[PDB]
4 protein chains.
Amino acid sequence: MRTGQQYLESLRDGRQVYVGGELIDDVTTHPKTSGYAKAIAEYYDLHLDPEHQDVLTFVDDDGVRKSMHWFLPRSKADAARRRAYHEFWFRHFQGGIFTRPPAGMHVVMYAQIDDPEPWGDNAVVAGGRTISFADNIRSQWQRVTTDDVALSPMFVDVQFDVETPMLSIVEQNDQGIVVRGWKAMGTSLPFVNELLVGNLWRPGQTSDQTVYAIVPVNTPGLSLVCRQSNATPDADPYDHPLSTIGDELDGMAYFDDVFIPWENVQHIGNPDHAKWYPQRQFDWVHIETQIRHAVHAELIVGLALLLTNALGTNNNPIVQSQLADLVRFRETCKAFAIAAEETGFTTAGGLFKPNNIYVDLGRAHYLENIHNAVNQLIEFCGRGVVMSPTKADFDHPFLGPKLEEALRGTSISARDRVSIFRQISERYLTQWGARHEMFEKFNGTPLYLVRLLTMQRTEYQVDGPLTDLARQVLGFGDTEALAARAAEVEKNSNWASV
Amino acid sequence: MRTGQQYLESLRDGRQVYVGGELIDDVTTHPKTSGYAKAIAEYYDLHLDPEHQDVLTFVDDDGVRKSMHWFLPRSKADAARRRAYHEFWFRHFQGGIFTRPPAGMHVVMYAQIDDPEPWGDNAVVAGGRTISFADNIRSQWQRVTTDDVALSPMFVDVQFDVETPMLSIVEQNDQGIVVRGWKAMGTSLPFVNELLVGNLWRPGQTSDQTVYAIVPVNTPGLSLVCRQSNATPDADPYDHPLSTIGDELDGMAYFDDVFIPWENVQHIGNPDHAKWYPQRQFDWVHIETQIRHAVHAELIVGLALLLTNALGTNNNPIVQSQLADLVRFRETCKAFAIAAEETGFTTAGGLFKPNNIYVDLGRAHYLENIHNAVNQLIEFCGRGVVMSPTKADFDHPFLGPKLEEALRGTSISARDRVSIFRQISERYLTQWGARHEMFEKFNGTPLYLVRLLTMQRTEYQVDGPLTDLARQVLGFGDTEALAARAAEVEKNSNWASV
Amino acid sequence: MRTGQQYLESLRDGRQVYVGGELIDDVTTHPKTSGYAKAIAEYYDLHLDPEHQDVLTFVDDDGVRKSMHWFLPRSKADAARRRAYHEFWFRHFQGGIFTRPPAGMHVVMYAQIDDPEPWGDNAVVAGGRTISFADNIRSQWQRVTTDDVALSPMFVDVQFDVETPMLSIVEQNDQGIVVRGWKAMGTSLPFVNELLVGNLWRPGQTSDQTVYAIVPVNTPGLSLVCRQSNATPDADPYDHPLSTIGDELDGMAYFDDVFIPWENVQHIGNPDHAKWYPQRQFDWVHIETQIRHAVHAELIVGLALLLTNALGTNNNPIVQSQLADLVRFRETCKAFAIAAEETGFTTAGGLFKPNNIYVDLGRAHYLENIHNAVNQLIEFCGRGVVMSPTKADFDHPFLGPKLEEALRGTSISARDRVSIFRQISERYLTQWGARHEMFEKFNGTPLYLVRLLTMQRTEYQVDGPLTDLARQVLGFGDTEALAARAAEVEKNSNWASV
Amino acid sequence: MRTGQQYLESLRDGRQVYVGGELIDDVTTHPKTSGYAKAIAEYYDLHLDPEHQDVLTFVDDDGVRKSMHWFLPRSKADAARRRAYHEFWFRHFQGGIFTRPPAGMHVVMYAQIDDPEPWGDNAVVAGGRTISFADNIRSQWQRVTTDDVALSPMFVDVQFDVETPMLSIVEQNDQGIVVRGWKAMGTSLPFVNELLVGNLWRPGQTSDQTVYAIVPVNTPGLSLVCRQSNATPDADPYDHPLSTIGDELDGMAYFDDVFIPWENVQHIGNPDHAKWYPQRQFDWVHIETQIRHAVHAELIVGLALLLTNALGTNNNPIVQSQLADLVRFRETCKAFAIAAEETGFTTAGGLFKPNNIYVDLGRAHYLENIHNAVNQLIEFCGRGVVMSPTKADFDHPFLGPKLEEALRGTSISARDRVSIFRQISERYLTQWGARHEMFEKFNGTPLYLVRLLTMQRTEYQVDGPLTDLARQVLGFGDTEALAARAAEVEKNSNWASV
């Protein structure tokens, strides 16, 4: 279990990190990145606080105490403990402003370690070499959980439509592989130690494009190309209460003939393996993302009750009625999380997996409606979000006291009530805040794909059990049985169109 | 455990029943009512079928085997058995076309028998008489569960705004009470044996208007004034597959100086008792209604998959996408039911009550959206629901075979595919079917009131725990603590407006 | 200008009319059909009422006075007179309960007579015969406007996917053509004199399936196969105020070797002619349908204000707020109609055509939202639409006066207020009424196709003018100009993927 | 007609301007304000460009050529010219990024000069002084149109609930009045020459709080307290194409014993005058705001077609279908503007006023839906709006060319396609852009008030003409006539509740 300071020092390691185009020599001290790095350092210190040992840690099999971000659940009760762990962090991060602490990221490994042998059995290797990919996965899992390494996944590929820009193998040899190209998008890249590189199957994916591998962030040839930082380390925290903490950067990564030793490769070369195994990995991101959805909706409804109360509008029945739908928004997200847990079941390896049907459709409920919930919260604000005094306006020796007189409420000071506006403006009306909404839109399986995937499930086919009730009501057999009676009506008849 | 024939005979009892204005001398043989009465007779026979003993019956404490419509649940597992019981009936009734079999109606008593003493303690009696209302409730519960009586609630009052038309006590004496006035609305009235009369508190309710009592349907002075029947006993069942079964009538009831003996009175005269106890009774109607919502959404999505497949439109991506939202509609209802059960807890009397927060908001999710789900299913039909051949058209010696040629599908006959249209038309485009949609709209706490009630709950007050997360993010105390700091800013200052 | 009685007599003509499978010997006297036939008879008498001469008639070129259902508009002011004509009829029919009086149906001819020569020039004829199709159209138009014939279109085909069941030519000779097969759907078929047969292009349509022709309803071999009637000639009009008037039947038509003389053929045999000319005909149905949409929304909002006022709920702010959106629904429909008229322009033949962009998208606004407007109106009703006394209940000597006491409002009697419920139930909760909603859904270009058609218009292409503003903001050329700069960046560079 | 340079110099005038708390000594040179000031300078130069004389100017009555922002329309054709004038500016400002150039602001005066005498007749003056308020208005209008002064309205008051913080008269004398307090919100304050101070009636408004007056921005005692600037004068315009132009600041204004001479007062002291006259002034802001709505929706749909085409998603039918609804969104806004113009009518003074019913409800259509249109456009972007390379990333000597390879499209370069993302991010995902969306939400009569106002109109009362159609269908008199028949049913009867 690492300390914050050990975490911070692990980042000072030669990594090539671009932020808005600017090379960052030291992510732990640069103004664009240091607030977030410090926030993850604090994340690590808290795991060592005895007061939080129950929620944040577990004593594993060999008696060692490890952080719950390494905990594989074996039961419904274990899953519920992981839920409270995720909830701890979403609340600690003020509703979930940072979505990818290690607790959100390391979950992508749980399905690999649970069932490593297919990763090797399906694997695709040149020159008759024999690589022990399942051993590799088991070795990596023991290394990262023993050294408390921080890992971030990079699975999404650039949408190229004869060497593509996508990451691909350009050489295989006795020591390992060389890869060249881009990974399209990952999160917290400058703030972890190693990447979990992978693929989700897309049409046309070749063997040389199928690579799953652990690769350190400071490996020769790897460049992190991150979005500009929206952190405001020097702003007054009354004016910007959240961007002054830091910014969880997102970015791409370019691999300039990166060498990967075989011990770090988990699978190469089988596109079909990309078709079902990485989705079992992201089921676990979806689970924790779906829990965070409920917390965010909780923060929205609470802001809304405090805000409407502060403005004396909470007794308007239209307002009362919209608050009630915000409450329902929150409880819908919560209900899907409970349903997913309660109808979960154990994998062959013994991993208790929440039901992803309820996870994915709970996420769809959030994805479809969150921008309406946010729009409703903003609507409650009125003008305050077009203009609200800064702390400097309130501090002006003459105009300041007059602001505090003119903007106070019945039972709330001007500074406190404006601080409600500025909290809502930070999250939903700034570049800093808009990234949070965009990340939740586009990271994970997005709404349009949840829809398509849903309809490919076995449970929801025309012949699946979901049409049993309607077949009974209509007096039908299955598809094949209806088709048979149509054919005999044609066969038993005199028609010009058959 | 009564037989169907004993049930049917119990109805031939002198009751005064008006259906569309027509006096019905025998509800078991009249064409307007006999289909439904026969459907409840079958409901009773099935409880005696050994094949369904596990789901439909229980062996109670004294070793007697009784129908589950008398089963008080003591645990989460008991609640789950009641759920499967309700589900049995919604599926047997083809998705829930009849909403108030005895299994749906008798649940209003579970909270009375669980906690009868307040009904007497709060009670409101004249002339220094002493009535053992809690004994009365315990006696009634033993009578109705031993004789398998069929009961329907009448709680809703006419919305009068110096003797009102609402039911009220006009005399109290040693034998019992005399009541006079209307009950506004009940269901299955001509098809039960006794009414469960009651009140939900409204502003202005007087003592003499607060009456809770068992009263037999054939009591002197009681008139059932029911809506016209939409049953079609003589239609061809291919043309009208559901109205040919029967019609679950709804109606009002007028009490022309009805005498009620004290042994049948459960509480009189305390308006405040109407404020919280009857809502604990209807929590149990809401529970089963909320389960039925999921079944109905299951029937809708199944009809939609069969229908779009029958029309060759199921591969259009827009259609695929709308089917997926119908699937999600169904799973949202299901998830709220599971969440309500799992977060349930036991009353002081030992009754395991599902969490009504999830029940009520699951109902709100249905109530807000069902007419969009139905509208989507209808949209999938196209023209078929403006005109589709009757069975007589298909049977015409010359035009019939031509209809079967012109309207067949790839892998489905004309008759079978048109039978999909006519199933959807029955439920959603007829008087017979529209009653089902209207009943689900308006019976139970309707959407606008679920909203208002929600916001009166303790969990959702400005100072409740739902604003804890947002208070933490803002750095606030509770309402009283914010008010205090506002006051000192005023107090510590120089303003012209204070 | 025919009389009602001449109209009624024109229907007693040997026609083969099936209604719910039942052969109707005389549509003017049979209970299933006579109410509607009488309603169209009254439609004709009113054109002769001097009081309505201004709105209902015009004095054409040769000095003859004709009904406006034959009026070709030549100007924006003429179009506005046609609008008031359509509005007269939608208001006379109580908001539009019958959608296809002759005024709604004959409009499909306006674009043919305006531009007849392409109908012949494109035409497709066998055996080197020469048919004067444009002469035929001009002759037909003079016949039908001089004899005041009633015409209904049949354009929709059965969706067959080696002689198909669709109508097609099976012989061509010196006298005319023989056709065999179905037309899928028309309206008012038993109540007009001749059909306007036609096609809208679908993929796979053959030459022998492309037929445009006037054919009398009593032609040998033609069978009208209509939906069951929902008319209730014997119901009490207080209980059913609209189905007691009659039912505008919809149906199919089978052609059993129907002979059509050349003088009645307008075009045969060119599928491509079906691709753009019939849509110019239905532009005129869309125009009047779009005006009716506004009237229907007017009737809905008026019912809603009267109803909420009758229930004392009109001052609830939530109700006030929903009434306001119903008002906006009505004014949106109206605004699209005004915009279509004002931006109209004249055809080459001199016909002033309202802008169909605003017509079609005004229709889309109605089609997307009407079932929400109706659902809101129903929600305002409460329980009254589950049960409301019939006139017989109110007339009962003992219970009747008690109903009138219990159901009266502050300032409105029980009978009058229940008559609001029963008006809403007729239109939106019965088989009779549901047909109106279904007809408006599915007749005309439906919403999903309005969407697709919209995006095929020239105005809305990627290179059309609708992207001019955004091209200017981005600093782009047209598609071809952007493509050119992409190519040179590739060409001027060193890449592995080009 | 002023030049840009005369405009810029008029601003260097001693004004007290706070921007984010910082005193701005010269708004024409400070980085926070100079971009916008220069944009209005260009606005003025363009009026003098002969090429734009037709659209931008008019030759008034005395032969003088003036800018159209002073043009009072006298006809439907004049109104259409003003529409094209507003449209010119919304397109010049890239869809309307700046909402309050002088053309948007000076319109608040048109209704005063049209009908000045009530402003004096209603006026409320102390000490028996006689002030010629109508003369004052006529004098001011001649001064501002002759000197081309720039004016911004300040009408909104702080929501104080014994001297309030709201602006109010604290002295009246022979020279004029002294006012003290806040105005709550105005736009472009640092960039105009004089304020148009006024009030909209709120409950409790006193006589001393009713002040309408022209007051120069550099008057002794006036402080402009503006929101922080989101301008980015030093950013690369490829990264931020709109915030590099400037920022139209919004703010409050404090009056520290400001003296106003009588010649600048237009009305004081009659709260009732605030009830209907200022709404006639803002009708003209609403008109131009409503036109801008259509332009913005045009820019959104154009961005969306270019974007989906650039991503190869424009042929997905779901996408095609959502583009079509964006097109409809644009045409709905346009249709309401056309309807408002065409049904306009002339005031008593001769001013042709577009119909505000269609203006306000067209605005409501925008206000209710714009955040869904924006959310749809963002959804089309995918990941590109979480991260897209800056110009520095693209310029990197090694990673740059690789970015251009990996992010290019079929027929569009990487730089051009990313420039689509960054245009959408500027407008809808930054502080700079969010102000535009917030201004359109909250400035003007907002949606919830449009609803309430709508229902107070005469046209939409229970007894108004909108219920005529439904009264006819039901067979009712007016409210008074129904009430009469209810009373006689009570009177002619035997009831216990009357």
# chains A, B, ... in the order shown; residues from 1 in each chain; ligands from 1
$ interface_residues --of "chain C" --to "chain B" --cutoff "8 Å" --atoms "only C-alpha atoms" --output "PyMOL selection string"
chain C and resi 20-22+158-161+165-166+182+225-228+250-251+254+371+375+379+382-383+385-393+396+399+402+405-407+409-410+429-432+434-435+438-439+441-442
$ select_by_dssp --residues "range 64-106 of chain C" --states "alpha helix (DSSP H)" --output "PDB file with N, CA and C atoms, in the first residue's frame"
ATOM      1  N   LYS C  76     -52.373  34.047 -53.541  1.00  0.00           N
ATOM      2  CA  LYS C  76     -52.368  33.930 -52.088  1.00  0.00           C
ATOM      3  C   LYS C  76     -53.760  34.178 -51.514  1.00  0.00           C
ATOM      4  N   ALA C  77     -54.503  35.126 -52.086  1.00  0.00           N
ATOM      5  CA  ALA C  77     -55.850  35.389 -51.583  1.00  0.00           C
ATOM      6  C   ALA C  77     -56.799  34.236 -51.891  1.00  0.00           C
ATOM      7  N   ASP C  78     -56.648  33.598 -53.055  1.00  0.00           N
ATOM      8  CA  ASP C  78     -57.444  32.407 -53.346  1.00  0.00           C
ATOM      9  C   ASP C  78     -57.126  31.285 -52.356  1.00  0.00           C
ATOM     10  N   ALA C  79     -55.839  31.033 -52.118  1.00  0.00           N
ATOM     11  CA  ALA C  79     -55.443  30.041 -51.126  1.00  0.00           C
ATOM     12  C   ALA C  79     -56.066  30.326 -49.761  1.00  0.00           C
ATOM     13  N   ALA C  80     -56.098  31.595 -49.337  1.00  0.00           N
ATOM     14  CA  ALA C  80     -56.716  31.937 -48.051  1.00  0.00           C
ATOM     15  C   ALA C  80     -58.221  31.647 -48.044  1.00  0.00           C
ATOM     16  N   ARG C  81     -58.897  31.810 -49.189  1.00  0.00           N
ATOM     17  CA  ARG C  81     -60.321  31.468 -49.270  1.00  0.00           C
ATOM     18  C   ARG C  81     -60.540  29.965 -49.165  1.00  0.00           C
ATOM     19  N   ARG C  82     -59.658  29.178 -49.790  1.00  0.00           N
ATOM     20  CA  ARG C  82     -59.726  27.731 -49.641  1.00  0.00           C
ATOM     21  C   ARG C  82     -59.483  27.319 -48.199  1.00  0.00           C
ATOM     22  N   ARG C  83     -58.619  28.040 -47.497  1.00  0.00           N
ATOM     23  CA  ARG C  83     -58.361  27.720 -46.109  1.00  0.00           C
ATOM     24  C   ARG C  83     -59.627  27.901 -45.278  1.00  0.00           C
ATOM     25  N   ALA C  84     -60.324  29.020 -45.475  1.00  0.00           N
ATOM     26  CA  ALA C  84     -61.564  29.270 -44.746  1.00  0.00           C
ATOM     27  C   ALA C  84     -62.643  28.259 -45.115  1.00  0.00           C
ATOM     28  N   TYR C  85     -62.622  27.783 -46.363  1.00  0.00           N
ATOM     29  CA  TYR C  85     -63.508  26.708 -46.800  1.00  0.00           C
ATOM     30  C   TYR C  85     -63.231  25.423 -46.029  1.00  0.00           C
ATOM     31  N   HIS C  86     -61.979  24.979 -46.019  1.00  0.00           N
ATOM     32  CA  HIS C  86     -61.636  23.811 -45.222  1.00  0.00           C
ATOM     33  C   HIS C  86     -62.012  24.032 -43.759  1.00  0.00           C
ATOM     34  N   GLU C  87     -61.741  25.225 -43.235  1.00  0.00           N
ATOM     35  CA  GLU C  87     -62.037  25.507 -41.834  1.00  0.00           C
ATOM     36  C   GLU C  87     -63.527  25.438 -41.553  1.00  0.00           C
ATOM     37  N   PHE C  88     -64.338  25.998 -42.449  1.00  0.00           N
ATOM     38  CA  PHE C  88     -65.778  25.830 -42.324  1.00  0.00           C
ATOM     39  C   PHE C  88     -66.126  24.369 -42.053  1.00  0.00           C
ATOM     40  N   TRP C  89     -65.559  23.446 -42.837  1.00  0.00           N
ATOM     41  CA  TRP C  89     -66.002  22.060 -42.741  1.00  0.00           C
ATOM     42  C   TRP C  89     -65.464  21.371 -41.498  1.00  0.00           C
ATOM     43  N   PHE C  90     -64.231  21.687 -41.086  1.00  0.00           N
ATOM     44  CA  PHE C  90     -63.691  21.058 -39.884  1.00  0.00           C
ATOM     45  C   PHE C  90     -64.471  21.500 -38.660  1.00  0.00           C
ATOM     46  N   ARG C  91     -64.910  22.761 -38.640  1.00  0.00           N
ATOM     47  CA  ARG C  91     -65.755  23.255 -37.550  1.00  0.00           C
ATOM     48  C   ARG C  91     -67.175  22.689 -37.634  1.00  0.00           C
ATOM     49  N   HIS C  92     -67.750  22.620 -38.834  1.00  0.00           N
ATOM     50  CA  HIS C  92     -69.061  22.001 -38.989  1.00  0.00           C
ATOM     51  C   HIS C  92     -69.054  20.548 -38.527  1.00  0.00           C
ATOM     52  N   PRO C 102     -66.053  15.354 -49.542  1.00  0.00           N
ATOM     53  CA  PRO C 102     -65.520  15.687 -50.870  1.00  0.00           C
ATOM     54  C   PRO C 102     -64.509  16.833 -50.855  1.00  0.00           C
ATOM     55  N   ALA C 103     -64.661  17.820 -49.966  1.00  0.00           N
ATOM     56  CA  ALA C 103     -63.705  18.924 -49.928  1.00  0.00           C
ATOM     57  C   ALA C 103     -62.306  18.445 -49.577  1.00  0.00           C
ATOM     58  N   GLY C 104     -62.200  17.345 -48.834  1.00  0.00           N
ATOM     59  CA  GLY C 104     -60.899  16.818 -48.493  1.00  0.00           C
ATOM     60  C   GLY C 104     -60.358  15.901 -49.562  1.00  0.00           C
ATOM     61  N   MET C 105     -61.243  15.353 -50.378  1.00  0.00           N
ATOM     62  CA  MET C 105     -60.861  14.296 -51.301  1.00  0.00           C
ATOM     63  C   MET C 105     -60.576  14.801 -52.700  1.00  0.00           C
TER      64      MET C 105
END
$ residues_around --residues "residue 286 in chain B" --least-positions-apart "5" --cutoff "10 Å" --atoms "only C-alpha atoms" --output "PyMOL selection string"
chain B and resi 104+107-108+279+281+291-292+356+359-360+362-363+443-445
$ write_last_selection --atoms "N, CA and C atoms" --output "CSV table (one decimal), in the first residue's frame"
chain,number,residue,atom,x,y,z
B,104,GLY,N,-55.8,-8.9,-6.0
B,104,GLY,CA,-55.4,-7.5,-6.0
B,104,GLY,C,-56.2,-6.7,-5.0
B,107,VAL,N,-55.6,-7.2,-0.5
B,107,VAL,CA,-54.3,-6.7,0.1
B,107,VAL,C,-54.6,-5.5,1.0
B,108,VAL,N,-55.7,-4.8,0.7
B,108,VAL,CA,-55.9,-3.6,1.5
B,108,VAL,C,-56.1,-3.9,3.0
B,279,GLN,N,-53.3,5.0,3.8
B,279,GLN,CA,-52.1,5.0,2.9
B,279,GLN,C,-51.2,3.8,3.2
B,281,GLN,N,-52.5,1.0,4.0
B,281,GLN,CA,-53.3,-0.1,3.3
B,281,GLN,C,-53.0,-0.1,1.8
B,291,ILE,N,-46.0,-4.3,-9.7
B,291,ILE,CA,-45.5,-5.6,-10.4
B,291,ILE,C,-46.2,-5.8,-11.7
B,292,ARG,N,-47.5,-5.6,-11.7
B,292,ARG,CA,-48.3,-5.7,-12.9
B,292,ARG,C,-47.8,-4.7,-14.0
B,356,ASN,N,-41.8,1.5,0.1
B,356,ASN,CA,-42.8,2.1,-0.7
B,356,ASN,C,-42.2,3.3,-1.6
B,359,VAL,N,-41.5,1.5,-4.7
B,359,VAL,CA,-42.8,1.2,-5.3
B,359,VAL,C,-43.4,2.5,-5.9
B,360,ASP,N,-43.5,3.5,-5.2
B,360,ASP,CA,-44.2,4.7,-5.7
B,360,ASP,C,-43.5,5.3,-6.9
B,362,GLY,N,-41.4,3.7,-8.9
B,362,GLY,CA,-41.5,2.8,-10.0
B,362,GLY,C,-42.9,3.0,-10.7
B,363,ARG,N,-43.9,3.2,-9.9
B,363,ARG,CA,-45.2,3.5,-10.5
B,363,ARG,C,-45.2,4.8,-11.3
B,443,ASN,N,-56.3,5.0,-10.8
B,443,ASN,CA,-56.6,4.2,-9.6
B,443,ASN,C,-55.2,3.8,-9.0
B,444,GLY,N,-55.1,4.1,-7.7
B,444,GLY,CA,-53.8,4.3,-7.1
B,444,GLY,C,-53.5,5.7,-7.0
B,445,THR,N,-52.4,6.0,-6.3
B,445,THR,CA,-52.0,7.4,-6.2
B,445,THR,C,-51.5,7.9,-7.6
$ residues_around --residues "range 478-494 of chain C" --least-positions-apart "2" --cutoff "12 Å" --atoms "only C-alpha atoms" --output "number ranges by chain"
C: 461-465, 467-472, 474-476, 496-498; D: 305-307, 309-310, 398, 400-402, 404-417
$ select_by_dssp --residues "range 114-197 of chain B" --states "strand (DSSP E)" --output "PyMOL selection string"
chain B and resi 151-154+168-172+176-187+194-197
$ residues_around --residues "residue 209 in chain A" --least-positions-apart "6" --cutoff "8 Å" --atoms "only C-alpha atoms" --output "list in words"
residues 166, 167, 168, 169 and 269 of chain A
$ residues_around --residues "residue 72 in chain D" --least-positions-apart "3" --cutoff "10 Å" --atoms "only C-alpha atoms" --output "MDAnalysis selection string"
chainID D and resid 60 68:69 75 78:79 82 107 109:111 113:114 350:353
$ write_last_selection --atoms "N, CA and C atoms" --output "compact mmCIF listing (two decimals), in the first residue's frame"
# COMPACT_ATOMS: atom_id res chain seq x y z
N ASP D 60 -34.53 59.16 -43.83
CA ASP D 60 -35.76 59.42 -43.09
C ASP D 60 -36.57 60.54 -43.73
N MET D 68 -30.46 51.88 -39.49
CA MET D 68 -31.72 51.21 -39.19
C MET D 68 -31.90 50.92 -37.71
N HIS D 69 -30.87 51.06 -36.90
CA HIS D 69 -31.24 50.83 -35.52
C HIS D 69 -32.09 51.97 -34.96
N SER D 75 -45.27 49.61 -41.55
CA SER D 75 -45.98 48.72 -42.45
C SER D 75 -45.39 47.34 -42.29
N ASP D 78 -42.08 47.46 -43.93
CA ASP D 78 -41.05 48.02 -43.05
C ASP D 78 -40.58 46.99 -42.03
N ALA D 79 -41.52 46.30 -41.39
CA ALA D 79 -41.17 45.24 -40.46
C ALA D 79 -40.27 44.19 -41.11
N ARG D 82 -36.74 45.53 -41.26
CA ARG D 82 -36.11 45.42 -39.96
C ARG D 82 -35.68 43.99 -39.68
N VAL D 107 -34.13 49.15 -29.59
CA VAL D 107 -35.52 48.86 -29.90
C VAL D 107 -36.43 49.10 -28.71
N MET D 109 -36.83 51.65 -27.15
CA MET D 109 -37.39 53.00 -27.19
C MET D 109 -38.55 53.14 -28.15
N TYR D 110 -38.69 52.22 -29.12
CA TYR D 110 -39.66 52.43 -30.19
C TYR D 110 -41.08 52.64 -29.66
N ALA D 111 -41.45 51.95 -28.60
CA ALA D 111 -42.82 52.12 -28.11
C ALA D 111 -42.99 53.39 -27.29
N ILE D 113 -41.45 56.45 -28.00
CA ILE D 113 -41.58 57.55 -28.94
C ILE D 113 -42.86 57.42 -29.73
N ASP D 114 -43.38 56.20 -29.84
CA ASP D 114 -44.62 56.00 -30.57
C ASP D 114 -45.80 56.55 -29.81
N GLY D 350 -49.23 54.65 -35.25
CA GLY D 350 -48.80 54.29 -36.59
C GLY D 350 -47.64 53.33 -36.68
N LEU D 351 -47.24 52.72 -35.57
CA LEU D 351 -46.13 51.78 -35.55
C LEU D 351 -46.67 50.39 -35.86
N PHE D 352 -46.12 49.75 -36.89
CA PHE D 352 -46.55 48.41 -37.26
C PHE D 352 -45.87 47.39 -36.37
N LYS D 353 -46.64 46.82 -35.44
CA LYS D 353 -46.12 45.88 -34.45
C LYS D 353 -46.43 44.44 -34.84
$ residues_around --residues "residue 376 in chain B" --least-positions-apart "5" --cutoff "9 Å" --atoms "only C-alpha atoms" --output "list in words"
residues 304, 322, 323, 326 and 371 of chain B
$ atom_distance --atom1 "CA of residue 116 in chain B" --atom2 "CA of residue 129 in chain B"
19.0 Å
